[PDB]
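J.: If you scroll down you'll find the structure; I have some questions about it.
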């Protein structure tokens, strides 16, 4: 309700508020992946600032990256999205990989990226 | 009256505005190099949008001034 | 191949380590190009015209 | 790290599957 | 076959996302310049 459609300050504070409260819960990583799935899958028609919301999600994951479930669930989404190789949703994969890439590098030859 | 007119202007200008979804390479290029016509549409929208915000503040101030007297 | 093309533009554009894959694109995406192609296929007068229209309507019903 | 292998294997397949 | 054998280097939504996260450009000013000769004058002015 708030982070997708809210104002930047409301968006930022809601995201930061959600991290501080529920960032340490086991289901937190699943929530991030579910949000990622629901909001960025190519079947989503909802119009919203994907880039601004994505920056928030990257920020949110970084501030909750101490929760082992964050990266676990994010890679499970990437695992499931790539299952067709082993139909692929390339835009969804791009969002997930970039989120996963930014989160992992927070966890020199790649400094060019 | 003017604020409603300004609000109507914003709707007319935006009704010709379209947002490509970020799901294809052609859409990615649209975001990478905004074509000149797309740039002009944003300039007109920003100018028109400023008018609505200015008049919205004045309308609330005018309402607030009238309410103070009442 | 008109039916195959309709399937590619509307239903499934994926290929039928050296085999072509073309996994990179979402199915059914539309542009001015796909719209023009579909319109010319539909409105082109030939023996297959009927069949092509049939395919189109089929995809409509399937979607619904 | 079995799921890690799975995603990495699928990532390589994706790498090997990348075309135009 | 060739379409199978090539990957598109044209920029896509990943490059757009990187841009959202903030003709050629001189990177010498950003670099550090050194020399193997101990007696060389420091060359940062270059």
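Residue numbers (the UniProt record's numbering), protein chains in the order written: chain A, 2065 to 2150, 2162 to 2182, 2199 to 2204; chain B, 1926 to 1995; chain C, 3392 to 3407, 3414 to 3461; chain D, 2325 to 2344; chain E, 3113 to 3134, 3159 to 3182. Here a beta-carbon is modelled for each residue, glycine too, at the ideal position from N, C-alpha and C.
1) Between residue 2128(A) and residue 2087(A), which are expected to be in contact by the criterion C-beta below 8 angstroms, what is the C-beta distance as a whole number of angstroms?
2) Let me see if you follow: with CB-CB separation under 7 angstroms, is residue 3423(C) close to chain A or not?
3) The alpha helix (DSSP H) spanning residue 2086(A) covers which residue range?
4) Report the option in 2098(A), 2101(A) and 2118(A) whose CA atom is closest to the CA atom of residue 2178(A).
5) Can you pull the chain F neighbours of residue 2163(A), defined as C-beta to C-beta under 7 angstroms?
6) Return the chain-ordered list of same chain residues with a C-beta closer than 7 angstroms to the C-beta of residue 2141(A), the five sequence neighbours on each side being excluded.
7) Under 8 angstroms between beta-carbons, which chain D residues line up against residue 3118(E)? List them in chain order, please.
8) Provide the residue span of the alpha helix (DSSP H) that contains residue 1956(B), from first to last.
9) When the Cα atoms are used, what is the spatial distance from residue 1989(B) to residue 2103(A)?
10) Measuring CA to CA, which of 2168(A), 2126(A) and 2162(A) is closest to residue 2093(A)?
11) Please report the residue range of the alpha helix (DSSP H) in which residue 3351(C) lies.
12) Taking residue 2099(A) as part of the alpha helix (DSSP H), name the residues at either end of that continuous run.
13) How about residue 3132(E): is its C-beta nearer than 7 angstroms to some C-beta of chain A?
14) Between which two residues does the alpha helix (DSSP H) harbouring residue 2107(A) extend?
15) Does the beta-carbon of residue 3441(C) have 16 or more other beta-carbons within 10 angstroms, so that it is buried, or is it exposed?
16) Thinking C-beta only, is residue 3115(E) closer than 7 angstroms to residue 2338(D)?
17) Cα separation between residue 3120(E) and residue 2342(D)?
18) Pick helix, strand or coil for residue 2162(A), following the three-state DSSP scheme.
19) At least one CB of chain C closer than 7 angstroms to the CB of residue 1949(B): is that the case?
20) Under 7 angstroms, CB to CB, which of the residues in the segment 3424-3440 of chain C have a partner in chain B?
21) Between residue 2331(D) and chain A, is there a C-beta pair that is closer than 7 angstroms?
T.: In short:
1) Yes, residue 2128(A) and residue 2087(A) are in contact; Cβ-Cβ is about 4 angstroms, under 8 angstroms.
2) Yes, because at least one Cβ of chain A sits closer than 7 angstroms to the Cβ of residue 3423(C).
3) Here the alpha helix (DSSP H) through residue 2086(A) covers 2072-2086.
4) Measuring C-alpha to C-alpha distances from residue 2178(A) to each of 2098(A), 2101(A) and 2118(A) identifies 2118(A) as the nearest.
5) Here the protein chains are A, B, C, D and E, and chain F is not one of them.
6) Setting aside the 5 residues that flank it on each side, residue 2141(A) is surrounded in the same chain by 2097, 2100, 2101 and 2171, each with a C-beta closer than 7 angstroms to its C-beta; the list follows chain order.
7) Within chain D, the residues 2343 and 2344 have their CB atoms less than 8 angstroms from the CB of residue 3118(E), given in chain order.
8) Taken as a continuous stretch (DSSP letters only), the alpha helix (DSSP H) holding residue 1956(B) covers 1950-1957.
9) Linking residue 1989(B) to residue 2103(A) through their CA atoms gives a straight-line distance of about 41 angstroms.
10) The shortest Cα separation from residue 2093(A) among 2168(A), 2126(A) and 2162(A) belongs to 2126(A).
11) With chain C covering only 3392 through 3461, there is no way to say anything about residue 3351(C).
12) Here the alpha helix (DSSP H) through residue 2099(A) covers 2092-2104.
13) Yes, residue 3132(E) lies at the interface with chain A (some Cβ there is under 7 angstroms from its Cβ).
14) Looking at the DSSP string, residue 2107(A) is not in any alpha helix (DSSP H), and its letter there is neither H nor E.
15) Answer is exposed; the Cβ neighbour count stays below 16.
16) Cβ distance not < 7 angstroms, so residue 2338(D) and residue 3115(E) don't count as in contact.
17) Each residue's Cα considered, the two are about 9 angstroms apart.
18) Looking at residue 2162(A) - three-state DSSP - the assignment turns out to be coil, as it is neither helix nor strand.
19) Yes, residue 1949(B) counts as interfacial toward chain C.
20) From the segment 3424-3440 of chain C, only 3426 and 3428 have a Cβ closer than 7 angstroms to chain B.
21) Judged by the 7 angstroms Cβ criterion, residue 2331(D) is in contact with chain A.
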